[PDB]
């Protein structure tokens, strides 16, 4: 009877923890209240219900009700979704959130619908780089290193910079860094904190003065499940879903700053990015990743063109 919400991030409470976990708990509490109990939820944090990379497909097939997942993890199955992490196309939170109802966001929403997924909450997150050695700041700093970029397109950028790449969901970063299976890892500010990567890295490059890495990590629902609910319940999910976006923006921005103090206190070298450095990474994107993405299929070509209209 309860609707399940699955995600890969640590569990906590509404008041304290990884904001993505907080957000789904807030979402559930408000929908329950407003629906006067017609809908109830159960939260499965930390991949406790199923593996990270099984969630998206499970929603498509109607076997999982809801999940909060980095969207581009599904880019292997639906190439259009690789736009969820591709530097240069998203340059700021304001621009990223403005996508939602601009042509690019409507298009992305409709692509997801055709694949059996409804977008409940837009969530964008700036990132950075934790390194087992020297800070990774400039693209040239990546040369010769093994780095987890986080998506196909971040990884193509890293290859152009001369890094080797490692692919894994972010809940698997800690173990890989600890054993020296990689040299550095990119992820969100929030994940740098909630996966405690300060324990396994000596340096952090932050997004305090800007970032090139912005990942889309929306709350999603199975369309099949969603569609079978009464209209008023569908609309309440969509209403509360939209309301969570303000929380997501504030929480991400707070973690973008707080992560610096966490790593500093742990004894890590902590550095920020200049606008020029950010541009270097974005320029590499325009010449490598953008081509890879846009030429993949007609849907990617369209999304890329529509995303470019927002720059």
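Numbering (the deposited numbering), first residue to last: 28 to 338.
Beta carbons: idealized from backbone N, C-alpha and C, even for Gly.
Going by the CB atoms, is the gap between residue 337 and residue 184 shorter than 8 Å?
Counted from its first residue, the chain shown places residue 184 at position 157. Counted from its first residue, the chain shown places residue 337 at position 310. No, Cβ-Cβ distance for residue 184 and residue 337 is not below 8 Å.
Which residue wins for smallest C-alpha separation from residue 141, given the options 164, 125, 272 and 86?
For the purposes of this step, residue 141 is taken as the residue at position 114 of the chain shown. The residue with the shortest Cα to Cα distance from residue 141 is 86.
Please report the straight-line C-alpha distance between residue 174 and residue 162, rounded to a whole angstrom.
By one-based count along the chain shown, residue 174 stands at place 147. By one-based count along the chain shown, residue 162 stands at place 135. Using only the alpha carbons, I get a separation of about 12 Å.
Three-state secondary structure assigned by DSSP to residue 69:
If you number the chain shown from 1, residue 69 lands on position 42. Three-state result, residue 69: strand.
Buried or exposed (CB count within 10 angstroms, at least 16 for buried), residue 277:
What you label residue 277 is simply residue 250 of the chain shown in a count that begins at 1. The residue is exposed, with fewer than 16 neighbouring Cβ atoms inside 10 Å.
Reducing DSSP to helix, strand and coil, say where residue 31 ends up.
The sequence position of residue 31 within the chain shown is 4, counting from 1. DSSP, read as helix, strand or coil, puts residue 31 in strand.
Thinking C-beta only, is residue 68 closer than 8 Å to residue 275?
The residue given as residue 275 occupies position 248 in the chain shown. The residue given as residue 68 occupies position 41 in the chain shown. Contact flag unset, no.
Beta-carbon gap between residue 214 and residue 303 smaller than 8 Å:
Your numbering for residue 214 matches position 187 in the chain shown. Your numbering for residue 303 matches position 276 in the chain shown. Contact: no.
Is DSSP giving residue 114 helix, strand or coil here?
For the purposes of this step, residue 114 is taken as residue 87 along the chain shown, with counting starting at 1. Of the three classes helix, strand and coil, the one that applies to residue 114 here is strand, per DSSP.
Between which residues of its own chain and residue 307 is the CB-CB distance below 8 Å, once the five residues before and five after are set aside?
Reading the chain shown from its first residue, position 280 is the one you call residue 307. If we look at residue 307 and ignore the five residues flanking it on each side, its Cβ neighbours are 165 and 166.
From what residue to what residue does the beta strand (DSSP E) around residue 304 run?
Locating residue 304 in the chain shown gives position 277, where the first residue counts as 1. Where residue 304 is concerned, there is no enclosing beta strand (DSSP E), although the alpha helix (DSSP H) it sits in stretches over 302-314.
So the alpha helix (DSSP H) residue 339 belongs to, where does it begin and stop?
Residue 339 falls outside the range modelled here, since the chain spans only 28 to 338, and no answer is possible.
Other residues of its chain near residue 201: CB distance less than 8 Å, five sequence neighbours each side excluded:
Translated into positions along the chain shown, residue 201 becomes position 174. Exclusion of the five residues before and after residue 201 leaves 222, 223, 224, 226 and 227 as the residues of its chain whose Cβ lies within less than 8 Å of its Cβ.
Using beta-carbon positions only, say whether residue 94 and residue 133 come within less than 8 Å of one another.
Here residue 94 corresponds to residue number 67 of the chain shown, with the count starting at 1. Here residue 133 corresponds to residue number 106 of the chain shown, with the count starting at 1. No, the Cβ-Cβ distance between residue 94 and residue 133 is not below 8 Å.
Write down every uninterrupted run of the beta strand (DSSP E) in the segment 232-275 whose length is 3 residues or greater and which is fully enclosed by it, in chain order.
Runs found: 241-243 and 246-249.
Among 218, 139, 149 and 182, which one has its Cα closest to the Cα of residue 284?
If you number the chain shown from 1, residue 284 lands on position 257. The residue with the shortest Cα to Cα distance from residue 284 is 218.
Could you give the residue range of the beta strand (DSSP E) that holds residue 175?
Residue numbering aside, residue 175 sits at position 148 when the chain shown is read from its first letter. Residues 173-175.
Can you tell me which of the three DSSP states residue 4 falls into?
Because residue 4 is not part of the residues shown, which for the chain are 28 to 338, the question remains open.
For the beta strand (DSSP E) containing residue 93, name the first residue and the last one.
Sequence index remark: in the chain shown, residue 93 carries index 66 (1-based). Residue 93 -> beta strand (DSSP E) spans 93-95.
Whole-angstrom distance between residue 116 and residue 335, CA atom to CA atom:
Working through the chain shown from its first residue, we reach residue 335 at position 308. Working through the chain shown from its first residue, we reach residue 116 at position 89. Each residue's alpha carbon lies about 7 Å from the other.
What residue does the alpha helix (DSSP H) around residue 41 start on, and which one ends it?
Indexing the chain shown from 1 puts residue 41 at position 14. Going by DSSP, residue 41 is part of no alpha helix (DSSP H) at all; its letter is neither H nor E.
For residue 80, collect the residues of the same chain with a Cβ closer than 8 Å to its Cβ; drop the 5 residues on either side in sequence, then sort them by chain order.
For the purposes of this step, residue 80 is taken as residue 53 along the chain shown, with counting starting at 1. Around residue 80: 100 and 196.
Measuring CA to CA, which of 295, 253, 179 and 114 is closest to residue 323?
Within the chain shown, the letter at position 296 stands for residue 323. Ranking the options by Cα distance to residue 323, first place goes to 179.
Buried/exposed call for residue 35, threshold 16 Cβ in 10 Å:
For this step, residue 35 is matched to residue 8 along the chain shown. Result: buried.
Neighbourhood of residue 297 by C-beta distance below 7 Å, restricted to the same chain and skipping five residues each side
Position 270 of the chain shown holds residue 297. Result list for residue 297: 231, 233, 287, 290 and 291, in chain order.
C-alpha distance - residue 112 paired with residue 211, whole-angstrom precision:
The residue labelled residue 112 in the question sits at position 85 within the chain shown. The residue labelled residue 211 in the question sits at position 184 within the chain shown. Between residue 112 and residue 211, the C-alpha separation is close to 18 Å.
Tell me whether the beta-carbon of residue 150 lies closer than 8 Å to the beta-carbon of residue 270.
Position 123 of the chain shown, counted from the start, is the residue given in the question as residue 150. Position 243 of the chain shown, counted from the start, is the residue given in the question as residue 270. For residue 150 and residue 270, no; Cβs fall outside 8 Å.
Nearest neighbour of residue 204, chosen from 158, 236 and 176 [CA to CA]
As a first step, residue 204 must be located in the chain shown, where it is residue number 177. Measuring from the Cα of residue 204, the nearest candidate turns out to be 158.
Can you tell me the Cα-Cα spacing of residue 294 and residue 48, whole angstroms?
Along the chain shown, one-based indexing puts residue 294 at 267. Along the chain shown, one-based indexing puts residue 48 at 21. When rounded, the distance between both Cα atoms is 27 Å.
Residue 235 and residue 319: beta carbons closer than 8 Å?
Within the chain shown, numbered from 1, the residue matching residue 235 stands at position 208. Within the chain shown, numbered from 1, the residue matching residue 319 stands at position 292. Contact flag unset, no.
Continuous beta strand (DSSP E) stretch holding residue 214: start and end
Translated into positions along the chain shown, residue 214 becomes position 187. Where residue 214 is concerned, the enclosing beta strand (DSSP E) stretches over 211-215.
Can you give the Cα-Cα distance for residue 253 and residue 189, rounded to whole angstroms?
In the chain shown, residue 253 corresponds to position 226, counting from 1. In the chain shown, residue 189 corresponds to position 162, counting from 1. Between the alpha carbons of residue 253 and residue 189 lies a distance of about 45 Å.
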